[PDB]
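[1] Sharing an experimental structure here, sequence included.
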Amino acid sequence: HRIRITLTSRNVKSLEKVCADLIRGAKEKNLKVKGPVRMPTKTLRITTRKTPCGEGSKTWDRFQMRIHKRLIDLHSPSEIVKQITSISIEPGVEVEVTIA
Amino acid sequence: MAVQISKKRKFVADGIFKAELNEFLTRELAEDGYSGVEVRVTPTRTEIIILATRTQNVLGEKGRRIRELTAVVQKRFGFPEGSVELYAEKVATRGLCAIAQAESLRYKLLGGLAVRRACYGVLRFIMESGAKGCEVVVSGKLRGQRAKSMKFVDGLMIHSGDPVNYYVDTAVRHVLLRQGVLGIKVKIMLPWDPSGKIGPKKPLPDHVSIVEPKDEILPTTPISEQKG
Amino acid sequence: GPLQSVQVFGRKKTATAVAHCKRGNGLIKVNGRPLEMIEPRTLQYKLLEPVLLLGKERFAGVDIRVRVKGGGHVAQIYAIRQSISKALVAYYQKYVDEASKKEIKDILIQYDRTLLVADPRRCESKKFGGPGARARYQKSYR
Amino acid sequence: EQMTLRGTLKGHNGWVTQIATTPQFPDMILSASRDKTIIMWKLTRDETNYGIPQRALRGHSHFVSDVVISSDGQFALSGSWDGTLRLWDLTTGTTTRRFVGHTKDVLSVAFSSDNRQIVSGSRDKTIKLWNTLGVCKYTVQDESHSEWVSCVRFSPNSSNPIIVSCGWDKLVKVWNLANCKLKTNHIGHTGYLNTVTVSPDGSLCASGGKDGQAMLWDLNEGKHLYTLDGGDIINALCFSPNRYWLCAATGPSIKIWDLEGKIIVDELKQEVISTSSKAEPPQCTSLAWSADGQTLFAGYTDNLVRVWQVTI
Amino acid sequence: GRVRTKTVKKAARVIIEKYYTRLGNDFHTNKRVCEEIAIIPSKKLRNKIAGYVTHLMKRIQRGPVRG
RNA sequence: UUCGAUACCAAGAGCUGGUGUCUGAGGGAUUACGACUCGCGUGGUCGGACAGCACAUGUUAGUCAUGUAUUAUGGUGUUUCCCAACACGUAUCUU
RNA sequence: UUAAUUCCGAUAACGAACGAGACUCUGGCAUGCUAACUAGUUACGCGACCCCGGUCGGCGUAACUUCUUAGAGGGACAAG
């Protein structure tokens, strides 16, 4: 019953709508929900030179890429939450349903 | 997956995956009006969508090139059979797609149309399609050995700030001619549609509007329209 | 007796200190140790300043634990001197006459405002072409 | 005869917007201000200060607009600009229940005679009914005010379950509470209204706006009784609880009237002039009599509550 | 260095020109009416316009403000 | 020193709030149906109203449409899933 | 006058567009809100040591979100 749905996404409002959708689906299917626990955002940071040559003033580019991680833990037999999580998928987020 | 790599390495892996896929499909579908890619990795599906203008040329004669492209996709990137499914579709109002318009100009120059006539023909189509403001600048050697830069511009075009990231669509391409290379930069400012189909749904941050006060008339004597 | 506890925090920099006020006798302790064994000893009176302003009579009824983390030595001492001062004021606003709270708050905020209000200053980020925030590398001509 | 000052209640940072009195306690008044705190006072009427603040009720995010005390004398209800209500036990001043549902600022809120019905008029164009157990009971959205819902008020006459609501759209609407359906529209006011009250009789209603015209209204028929000339903007309106008087806060002064013969009983304006050097006088925004009607308490917009006692 | 730009002044002058009936001398009242009447996409610019409205209308009361 | 209001209790009520039966007035999804595309399998797009229906089947109107089974351009019954009375409905049970 | 062709003033100019600004990220604030066994706290039961208390990043499970985390709004505008 104790099953772990984690959502890893680069875009935030996408992830938030998926987090909302799984709470909606859970409270409708009448099963105990642990709310969307927000793990710290990881900021992948790469900083390079701008110029292809080396005949300019030393200006650097600061490239960032945030990656967000939510998880909701439910008390439900595999099936009903599997069919809840088989609907309403968008390209931004990525799903993991963990049983044990 | 027992290889069990970091979410950090997983997302940069997915980043380079789309980047090369796009490079390969822009190199392949170059002449046949190619707009871009999209991936939807569903549970055990890699639904890999392509956006083009001339989709009949790219999906070919009874799906020869589609199964050819699906084969090289599964063969190179190392995918399972049945799981990978390509879907070529037509992009709406091509007039606003900077990729499609830049490659259209490039292939009118490859045909051998006049340079001012090529640019004004493109820029006129961009504007009648409903671009709030357009910008076409083709650079390189014309009529001689010294390099020139022709700029063709009309309407309202923003350069600085954040709104550039969701109002201005830009694309840069190279055209091979017999004397050297010319560069093509197409730069289109999209109009505002609240639906978010044709352009964005955020109005410009400085642009402020007022709804007109409804023309009322003040009463003089107290009234009541009592009911039950 | 029932609960008469208020957990109240004091920050001066990265450092933070959560004072746990409670009913009882007069004891003040930081990570187990008492006040007068928290080094550096140079800033001894910085921890005592709330005590020596208000006397030990106002702390007769309260026994304030403090747990501290982050920052360095001087930041941590300024975090905890702020925390216990807010913790007593928050206790006297919940369980005692507000006339008492008002009198204590006026006594402190006149001596030093840094007791109740946090210092909003944070170490500024470095920019390239320089060894710090604003400093730039030595430019050479000829 | 005339009213006169004994002293002032100095215990606010942001300026006082509402005052609330209960019939049970004489030495307990509740002032809501434009900080986030409701100050529950202890009136002594000593030579030094008329009252000292004994409790401050914290929990609100934005300005507490409204406050009202229950029949029992234990519960108070306040409404703030955050768009939620708070239900306080005056004992310790910790919140019992918070009411959630509205989107924009909740501008006022009123109890029943029973304390079993609560009503909130808000800046979002709605009135909403509230139980005392945190439940969104009924919205009224379609047949409502075309501008903000400035105020709503319940009546002491318990025989006719009616509510009076003054808006910004130059109306006074009246709803059959059991139906929560429109009974009478009241057109007549030129411009928006601040305040509406019901005379302790449950007989005749007042209405005040920027126009400076205090128009009386009938709860029995749908008929305009008569009008008074405020002169300045009316921000506050309430009747004397025992006497047949109406008191209005005409911006920087109080104008109190006898209702049978329309003449000024007296006008109350600060005579200790501090704003005499190119400064506009700070203006009264709420007033309410005691349970007895001996003392009128008036809250100003320079963080002060003044006392007005009958010299006769 | 607090000089308001054309977008603040123009839009504030237009709101004073039309809706003089509701606007006042209090900042937070006319901030809310300005948010209601006018579609301003950012919150900083909303506070800037409301702030100018309740400075011009504090001088309309004084005398012959020009613009 | 008379007369009518005011704290009190009781005699049931009424009110009010809580509980919760039942129905779907409605509100959803895609799985009906449609359309537009084809690699002929689908992929999009309507998403319950916009499809269909069989003379089956409720209500009937212009009596004149018609060339009087008839069909008007009745225009609403039938029914495939789901959440649902802030639709303050109100069964019971309290206050 | 402003950081600014930033504005209000004079004014045959009026109304506008690019750049400035606005914008995005960021820093500081919430004892208000949604949440937490990959974060804690407070109380508790137990265990160890000093003379009822004291210490514990020693052990363990009912409340709660002050401290940590990251979402939604709020807040500041030369406004008094």
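    Alright, I've got the coordinates. Residues are numbered from 1 along each chain as shown, chains lettered A, B, ... in the order given.
[2] what residue of chain A is the furthest out?
    residue A:55 (42.6 Å; C-alpha atoms, centre = their mean).
[3] Assign a three-state SS to residue 20, would you?
    I'll assume chain A. Applying DSSP: H, G, I helix; E, B strand; the rest coil to residue A:20 yields a three-state assignment of helix.
[4] show me what contacts the nearest residue to residue D:138 once chain neighbours are set aside?
    Of all residues not flanking residue D:138 in the chain, residue D:129 sits nearest, at 4.3 Å (C-beta to C-beta, 6 or more residues apart in numbering or on different chains). Yep, even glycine has a C-beta here, placed from its N, CA and C like the rest. Shown in contact with residue D:129 (C-beta atoms under 8 Å, 6 or more residues apart in numbering or on different chains): D:117-119, D:137-138, D:180.
[5] Residue D:129: what secondary structure?
    strand.
[6] Is it bridged to anything, and to what?
    The residues listed as beta-bridge partners of residue D:129 by DSSP bridges are residue D:119, residue D:138.
[7] for chain B, what spans make up the helices?
    With DSSP state H, the ranges of helices along chain B come out as B:7-28, B:55-59, B:64-77, B:98-111, B:115-128, B:164-167.
[8] picking that back up, can I assume the residue farthest from the centre of chain A sits in a helix?
    No: read with three-state DSSP, residue A:55 is coil and lies in no helix.
[9] Tell me who's in contact with it.
    Residue A:55 neighbours (C-beta under 8 Å, 6+ apart): none.
[10] Go through the helices of chain B and name the closest to residue C:17.
    helix B:7-28 (34.1 Å; C-beta to C-beta).
[11] Briefly note if the closest one comes near RNA strand G.
    No: on the criterion C-beta under 7 Å from any atom of the strand, helix B:7-28 is out of touch with RNA strand G, staying 8.9 Å away.
[12] Next: stretch C:77-96.
    Yes: using C-beta under 7 Å from any atom of the strand, stretch C:77-96 comes into contact with RNA strand G via C:86, C:90.
[13] Run the contact check for that stretch versus chain D.
    Yes: interface with chain D: stretch C:77-96 contributes C:93-94 (C-beta under 8 Å from any C-beta of the partner chain).
[14] So what's the gap between stretch C:33-41 and the chain middle?
    14 Å (C-alpha atoms, centre = their mean, to the nearest Å).
[15] My error: substitute stretch E:34-54 in the last question.
    7 Å.
[16] Quick one: check it for contact with RNA strand G.
    Yes: counting by C-beta under 7 Å from any atom of the strand, RNA strand G is contacted by stretch E:34-54 at E:42-45, E:47-48, E:51-52, E:54.
[17] Dump that stretch to CSV, restricted to CA.
    Extracted in CSV, the C-alpha atoms of stretch E:34-54 (Å, rounded to 0.1, in the frame of the first residue of the first chain):
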residue,chain,number,x,y,z
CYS,E,34,-6.4,50.9,-10.0
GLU,E,35,-5.8,47.1,-10.0
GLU,E,36,-9.6,46.6,-10.7
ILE,E,37,-10.1,49.4,-13.4
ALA,E,38,-6.7,49.0,-15.2
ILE,E,39,-4.9,45.8,-16.6
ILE,E,40,-1.2,46.3,-15.5
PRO,E,41,0.7,43.1,-16.1
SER,E,42,3.4,43.6,-13.3
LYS,E,43,2.9,44.4,-9.6
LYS,E,44,5.8,46.9,-9.2
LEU,E,45,4.3,49.1,-12.0
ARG,E,46,0.8,48.8,-10.3
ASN,E,47,2.3,50.3,-7.0
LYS,E,48,4.2,53.0,-9.0
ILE,E,49,1.0,54.2,-10.8
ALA,E,50,-1.2,54.1,-7.6
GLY,E,51,1.7,56.0,-5.8
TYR,E,52,1.6,58.8,-8.5
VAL,E,53,-2.3,58.9,-8.5
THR,E,54,-2.3,59.6,-4.7
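[18] For residue C:28, list the residues it contacts.
    Contacts of residue C:28 by C-beta under 8 Å, 6+ apart are C:34-35, C:51, C:59, C:63-64, C:66, C:84.
[19] at 6 Å instead, please
    C:35, C:64 (C-beta atoms under 6 Å, 6 or more residues apart in numbering or on different chains).
[20] element containing it?
    strand C:27-30 (DSSP states H and E).
[21] buried sites along that strand?
    Residues of strand C:27-30 classed as buried: C:28, C:30 (neighbour count, 16 or more other C-beta atoms under 10 Å in any protein chain shown).
[22] Check stretch D:251-270 too.
    Applying 16+ other C-beta under 10 Å to stretch D:251-270 flags D:251-257, D:259, D:265-266, D:268, D:270 as buried.
[23] My guess is residue B:138 contacts residue B:186. True?
    No: using C-beta atoms under 6 Å as the test, residue B:138 is too far from residue B:186 to be in contact (9.3 Å).
[24] Residue D:66 should be in a helix, yeah?
    No: using three-state DSSP, the assignment for residue D:66 is strand, not a helix.
[25] Mind listing the residues bridging to it?
    Taking DSSP bridges as the rule, residue D:66 bridges to residue D:79.
[26] one step back: just the buried subset of the residues of stretch E:34-54 next to RNA strand G, please.
    E:45, E:48, E:51-52, E:54.
[27] Just the ones of those residues in helices?
    Here DSSP H is the test, and these give E:45, E:48, E:51-52, E:54 as lying in helices.
[28] ok, residue C:108 - how many residues close by?
    By the criterion of other C-beta atoms under 10 Å in any protein chain shown, residue C:108 has 20 neighbours.
[29] Now it. Nearest residue, chain neighbours left out?
    Nearest residue to residue C:108, sequence neighbours excluded (C-beta to C-beta, 6+ apart): residue C:115, at 4.6 Å.
[30] so who does the one you found touch?
    Contacts of residue C:115 (C-beta under 6 Å, 6+ apart): C:82, C:85, C:108.
[31] Next: residue C:12.
    Counting by C-beta under 6 Å, 6+ apart, residue C:12 touches C:75, C:78-79, C:119.
[32] List buried residues within the residues you listed.
    Using 16+ other C-beta under 10 Å, the buried ones in the contacts of residue C:12 are C:75, C:78-79.
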